[PDB]
Amino acid sequence: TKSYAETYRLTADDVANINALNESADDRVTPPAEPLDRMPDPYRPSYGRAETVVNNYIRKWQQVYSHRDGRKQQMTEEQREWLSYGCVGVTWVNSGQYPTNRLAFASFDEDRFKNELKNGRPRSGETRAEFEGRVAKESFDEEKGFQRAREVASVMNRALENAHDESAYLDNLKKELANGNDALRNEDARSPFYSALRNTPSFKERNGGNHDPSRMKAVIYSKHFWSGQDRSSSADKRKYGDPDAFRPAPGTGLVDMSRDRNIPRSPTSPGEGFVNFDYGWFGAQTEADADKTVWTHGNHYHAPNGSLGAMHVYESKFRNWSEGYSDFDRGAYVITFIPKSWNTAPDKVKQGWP
């Protein structure tokens, strides 16, 4: 299907600039402060997605998502700086940390993969590596992967409910997993799964979790990315994908994200480039129907006076999000934690502004 660059009319320079910034920590600009008394401009969803210029998004975020212990606050200079990075900025601000992606889930149909590889055939004009990459891509199920993350997040939330130290949380978590015959029960003590809470910087902060699990909430976001990131191996894997990379462990659905290096797909035709990743913020919406949930994501980093243009923040229904692009053949559903006292992951998220 269409590339990110084709969809947004990004030039080769645009793509190179996006990739360069996304691999680091037409220059990026920090949007200025928006006063609390400046109300957002109205905007409305169209065909599953709403979008607004980043300055207006800051206004909306300040009215709704900014709350700490129930009270609004201006998005700080540092937060506006984070936000300005684009794709990643929304997730960075809402979680209060640059995404590590350590605890990640996906759903892969091994049977369909094996079958299509044996009984199927490369399309007329398709190379071997193109065929294998595509079949691997199609064998993921993002709805099932998201559902897995939600199920594990609910289990993790129940475990922290009345737990006032990490040991109590871990004890609740293990008992819960044992009872449900979940393969996650058998993860090592230092695994990303078991260490996710204590790995969260705000868990330790006096003003955040203060080492008290009950003060925290599990939250979910998604990363879309490229499977073929090994610049030392075959050009075929770089351009067409690595069928064996970033597959979920069959027992648990856990994806090992340690080899993710923010490296984009190699061009398949000269001039036509790919962006390295996309991030989509879900948070903790109560809506049971996955297709009704809202995923928040900026289009690219903020360059209001340059070729790239001002950053615009999109609020997309899940199907709009999971559609993806030719740039990405992998999706991970990541769990992390934030203090309950924040409001960056509310029960209901509404597209636009009335």
# chains A, B, ... in the order shown; residues from 1 in each chain; ligands from 1
call {"tool": "select_by_dssp", "arguments": {"residues": "region 45-252 of chain A", "states": "alpha helix (DSSP H)", "output": "PyMOL selection string"}}
result
chain A and resi 54-63+77-83+89-95+110-119+128-138+142-160+166-179+192-199+201-204+235-240
call {"tool": "residues_around", "arguments": {"residues": "residue 191 (chain A)", "least_positions_apart": "3", "cutoff": "12 Å", "atoms": "only C-alpha atoms", "output": "PyMOL selection string"}}
result
chain A and resi 102-104+184-188+194-199+254-256
call {"tool": "atom_distance", "arguments": {"atom1": "CA of residue 62 (chain A)", "atom2": "CA of residue 349 (chain A)"}}
result
14.1 Å
call {"tool": "residues_around", "arguments": {"residues": "region 156-172 of chain A", "least_positions_apart": "6", "cutoff": "6 Å", "atoms": "only C-alpha atoms", "output": "NGL selection string"}}
result
:A and (212-214)
call {"tool": "closest_residue", "arguments": {"among": "A:146, A:183, A:219, A:272", "to": "residue 11 (chain A)", "atoms": "only C-alpha atoms"}}
result
A:272
call {"tool": "residues_around", "arguments": {"residues": "region 129-145 of chain A", "least_positions_apart": "5", "cutoff": "10 Å", "atoms": "only C-alpha atoms", "output": "MDAnalysis selection string"}}
result
chainID A and resid 104:117 120:123 150:151 222 227:228 234:245 247:248 253:254 290:291 318:319 321:323 328:334
call {"tool": "residues_around", "arguments": {"residues": "residue 286 (chain A)", "least_positions_apart": "3", "cutoff": "9 Å", "atoms": "only C-alpha atoms", "output": "VMD selection string"}}
result
chain A and resid 293 346 to 348
call {"tool": "write_last_selection", "arguments": {"atoms": "N, CA and C atoms", "output": "compact mmCIF listing (two decimals), in the first residue's frame"}}
result
# COMPACT_ATOMS: atom_id res chain seq x y z
N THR A 293 -11.84 2.77 19.86
CA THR A 293 -10.81 3.45 20.65
C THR A 293 -10.03 4.47 19.80
N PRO A 346 -7.14 9.22 30.09
CA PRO A 346 -8.49 9.19 30.68
C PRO A 346 -9.36 8.04 30.17
N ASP A 347 -10.44 7.73 30.89
CA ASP A 347 -11.35 6.64 30.55
C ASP A 347 -11.96 6.79 29.15
N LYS A 348 -12.30 8.02 28.78
CA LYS A 348 -12.84 8.30 27.46
C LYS A 348 -12.03 9.39 26.77
call {"tool": "select_by_dssp", "arguments": {"residues": "region 94-295 of chain A", "states": "strand (DSSP E or B)", "output": "list in words"}}
result
residues 104, 105, 108, 140, 216, 217, 218, 219, 220, 221, 222, 223, 224, 225, 254, 269, 272, 278, 279, 280, 281, 282, 283, 294 and 295 of chain A
call {"tool": "write_last_selection", "arguments": {"atoms": "N, CA, C and O atoms", "output": "compact mmCIF listing (two decimals), in the first residue's frame"}}
result
# COMPACT_ATOMS: atom_id res chain seq x y z
N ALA A 104 6.51 -5.41 25.34
CA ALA A 104 5.78 -5.29 24.08
C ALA A 104 5.08 -6.59 23.68
O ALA A 104 5.63 -7.69 23.87
N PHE A 105 3.88 -6.46 23.12
CA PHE A 105 3.08 -7.61 22.71
C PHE A 105 2.65 -7.55 21.25
O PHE A 105 2.47 -6.47 20.66
N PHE A 108 0.85 -13.30 16.28
CA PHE A 108 1.34 -13.83 15.02
C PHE A 108 0.74 -15.22 14.80
O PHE A 108 0.80 -16.06 15.69
N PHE A 140 0.73 -11.27 11.00
CA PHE A 140 0.45 -10.57 12.25
C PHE A 140 -1.03 -10.16 12.30
O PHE A 140 -1.67 -9.97 11.27
N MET A 216 -0.19 3.96 40.83
CA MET A 216 0.13 3.87 39.41
C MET A 216 -1.01 3.27 38.58
O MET A 216 -1.96 2.70 39.12
N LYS A 217 -0.91 3.42 37.26
CA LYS A 217 -1.88 2.87 36.31
C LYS A 217 -1.13 2.35 35.09
O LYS A 217 -0.21 3.00 34.62
N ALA A 218 -1.52 1.18 34.59
CA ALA A 218 -0.92 0.66 33.35
C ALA A 218 -1.48 1.44 32.16
O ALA A 218 -2.67 1.77 32.15
N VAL A 219 -0.64 1.76 31.17
CA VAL A 219 -1.08 2.44 29.95
C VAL A 219 -0.50 1.76 28.72
O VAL A 219 0.54 1.10 28.81
N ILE A 220 -1.16 1.92 27.57
CA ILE A 220 -0.75 1.25 26.35
C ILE A 220 -0.52 2.25 25.23
O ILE A 220 -1.28 3.21 25.08
N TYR A 221 0.55 2.04 24.46
CA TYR A 221 0.72 2.71 23.19
C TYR A 221 1.21 1.70 22.15
O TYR A 221 1.51 0.56 22.50
N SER A 222 1.30 2.13 20.90
CA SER A 222 1.73 1.25 19.81
C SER A 222 2.92 1.86 19.09
O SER A 222 2.98 3.06 18.92
N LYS A 223 3.87 1.01 18.69
CA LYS A 223 4.91 1.42 17.75
C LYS A 223 4.79 0.60 16.48
O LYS A 223 4.72 -0.63 16.53
N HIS A 224 4.78 1.29 15.34
CA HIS A 224 4.94 0.63 14.05
C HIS A 224 6.37 0.85 13.57
O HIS A 224 6.89 1.94 13.67
N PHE A 225 6.99 -0.19 13.03
CA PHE A 225 8.40 -0.12 12.71
C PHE A 225 8.79 -1.14 11.64
O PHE A 225 7.93 -1.86 11.10
N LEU A 254 4.99 -12.03 24.01
CA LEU A 254 6.05 -11.04 24.22
C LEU A 254 6.99 -10.89 23.02
O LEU A 254 7.47 -11.88 22.47
N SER A 269 12.90 1.59 -4.66
CA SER A 269 13.12 2.35 -5.90
C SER A 269 13.87 3.64 -5.55
O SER A 269 13.56 4.27 -4.53
N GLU A 272 12.50 7.20 -3.64
CA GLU A 272 11.34 6.95 -2.79
C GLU A 272 11.76 6.33 -1.45
O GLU A 272 12.12 5.16 -1.39
N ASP A 278 6.43 4.92 13.59
CA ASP A 278 5.24 5.69 13.97
C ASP A 278 4.88 5.28 15.40
O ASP A 278 5.07 4.14 15.77
N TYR A 279 4.43 6.24 16.21
CA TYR A 279 3.95 5.93 17.56
C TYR A 279 2.52 6.41 17.71
O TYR A 279 2.19 7.50 17.25
N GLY A 280 1.69 5.61 18.38
CA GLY A 280 0.28 5.93 18.57
C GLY A 280 -0.12 5.74 20.02
O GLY A 280 0.01 4.64 20.56
N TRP A 281 -0.60 6.81 20.64
CA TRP A 281 -0.96 6.78 22.06
C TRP A 281 -2.41 6.34 22.28
O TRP A 281 -3.33 7.00 21.81
N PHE A 282 -2.60 5.24 23.02
CA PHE A 282 -3.94 4.79 23.42
C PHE A 282 -4.26 5.26 24.84
O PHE A 282 -5.27 5.92 25.07
N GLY A 283 -3.36 4.96 25.78
CA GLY A 283 -3.56 5.32 27.18
C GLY A 283 -4.28 4.22 27.94
O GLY A 283 -3.75 3.12 28.11
N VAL A 294 -9.47 5.47 20.47
CA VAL A 294 -8.82 6.59 19.79
C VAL A 294 -7.31 6.56 20.04
O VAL A 294 -6.86 6.38 21.18
N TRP A 295 -6.56 6.70 18.95
CA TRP A 295 -5.10 6.65 18.97
C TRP A 295 -4.53 8.00 18.54
O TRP A 295 -4.85 8.48 17.45
call {"tool": "closest_residue", "arguments": {"among": "A:60, A:302, A:68, A:148", "to": "residue 208 (chain A)", "atoms": "only C-alpha atoms"}}
result
A:68
call {"tool": "closest_atom_pairs", "arguments": {"of": "region 273-346 of chain A", "to": "region 21-37 of chain A", "cutoff": "8 Å", "atoms": "only C-alpha atoms", "output": "Markdown table"}}
result
| residue | atom | partner | partner_atom | distance |
| --- | --- | --- | --- | --- |
| A:276 | CA | A:22 | CA | 7.5 |
| A:301 | CA | A:28 | CA | 6.3 |
| A:302 | CA | A:28 | CA | 5.5 |
| A:303 | CA | A:28 | CA | 5.4 |
| A:304 | CA | A:29 | CA | 7.4 |
| A:306 | CA | A:26 | CA | 5.5 |
| A:307 | CA | A:26 | CA | 6.7 |
| A:308 | CA | A:26 | CA | 7.3 |
call {"tool": "atom_distance", "arguments": {"atom1": "CA of residue 285 (chain A)", "atom2": "CA of residue 149 (chain A)"}}
result
12.9 Å
call {"tool": "atom_distance", "arguments": {"atom1": "CA of residue 354 (chain A)", "atom2": "CA of residue 314 (chain A)"}}
result
15.8 Å
call {"tool": "residues_around", "arguments": {"residues": "residue 273 (chain A)", "least_positions_apart": "3", "cutoff": "8 Å", "atoms": "only C-alpha atoms", "output": "PyMOL selection string"}}
result
chain A and resi 5+12+15+265-267+270
call {"tool": "write_last_selection", "arguments": {"atoms": "C-alpha atoms", "output": "PDB file, in the first residue's frame"}}
result
ATOM      1  CA  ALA A   5       5.873   9.924   2.258  1.00  0.00           C
ATOM      2  CA  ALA A  12      13.345  12.902   0.037  1.00  0.00           C
ATOM      3  CA  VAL A  15      12.122  11.887   4.969  1.00  0.00           C
ATOM      4  CA  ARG A 265      13.207   0.329   5.480  1.00  0.00           C
ATOM      5  CA  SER A 266      15.719   0.616   2.609  1.00  0.00           C
ATOM      6  CA  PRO A 267      14.343   2.197  -0.580  1.00  0.00           C
ATOM      7  CA  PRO A 270      15.630   5.254  -6.068  1.00  0.00           C
TER       8      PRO A 270
END
call {"tool": "closest_residue", "arguments": {"among": "A:335, A:155, A:345, A:310", "to": "residue 84 (chain A)", "atoms": "only C-alpha atoms"}}
result
A:310
call {"tool": "closest_residue", "arguments": {"among": "A:91, A:232, A:9, A:339", "to": "residue 206 (chain A)", "atoms": "only C-alpha atoms"}}
result
A:339
